[PDB]
């Protein structure tokens, strides 16, 4: 018997990535998978991938051992940074949060860029975005969940633990919201373009006044798969100066003197402190403090795009409300 809580416990790897276990096939084949609101496919290493080290060192899906496996074979290609992942589609049963999602299309990977995925603790990615941005326009896991009636509410939500010393890395809830992990109300903004979890954002404040560049209305995406913030160079440039910044972007030891950065979502200020937006790769005084604000210029018909990753979704409990097409943020506890 498999039903029906919808809870997934998340592992936190040095605040950089969050992953949980899913099962594919019967009998189930277990994979560590990042839950990613920025992409829409499910993919895992395949037994048919013999030229990439990542597939060889990670657990691999074997269709010959699944009695529910149904061949497809449609090829697909997904760019990850400079390289890419490549594979073909298959169908099988997927168990996420003890919900058995029947006939799920997913990608068996044939090749993986070893620079990103060789030393990953996770094996795959479970995409939680919309169908429009799936490689083969596959029906995403969450849509099948909704379609099979496996959830009481048409929302899913994230608690990401930012304290890497604790034992709970985080928690992802399919079909509800865990009231233990936020305080006060969520602020809800509607989805502006449907493929991405995308909404309208206001002006970005450095210290107490305006960056000007987003005061006319920017676009932004909640992407559980990214750690760092990414936004237009025109704003990132100003942030770099007010912080003392110099591949990456460095400083340190002046964190407490830096200003808070604040995003204006739903006519409210969501503030991020230096402690929350500076990443610390070291530990002592040979430590390396790195800025989480990376420059990235992508257009959309709604304006230049901000990516708000785990550094934002950590302090701000995030609800993805599919039934009302809206995203909500609340102060996390």
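Numbering follows the first chain given and starts at 1.
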| property | result |
| --- | --- |
| Unmodelled stretch of the deposited sequence separating residue 119 from residue 120, binned as none, 1 to 3, 4 to 9 or 10 or more | none |
| Between the two ranges 230 to 238 and 177 to 185, the one averaging a larger CA B factor in the entry | 230 to 238 |
| 46 to 54 set against 28 to 36, stretch whose average Cα temperature factor tops the other in the entry | 46 to 54 |
| Residue selected from 96, 221, 249, 107 by maximal Cα B factor | 249 |
| Residue selected from 198, 131, 75, 115 by maximal Cα B factor | 115 |
| CA B-factor ranking of residue 296, expressed as a third of its chain | middle |
| Third of the chain, ranked by Cα B-factor, where residue 142 sits | lowest |
| Lowest, middle or highest third - CA B-factor, residue 90 | middle |
| Chain-wide C-alpha B factor ranking for residue 265, given as lowest, middle or highest third | middle |
| Within-chain third of residue 287 by Cα B-factor, per the entry | highest |
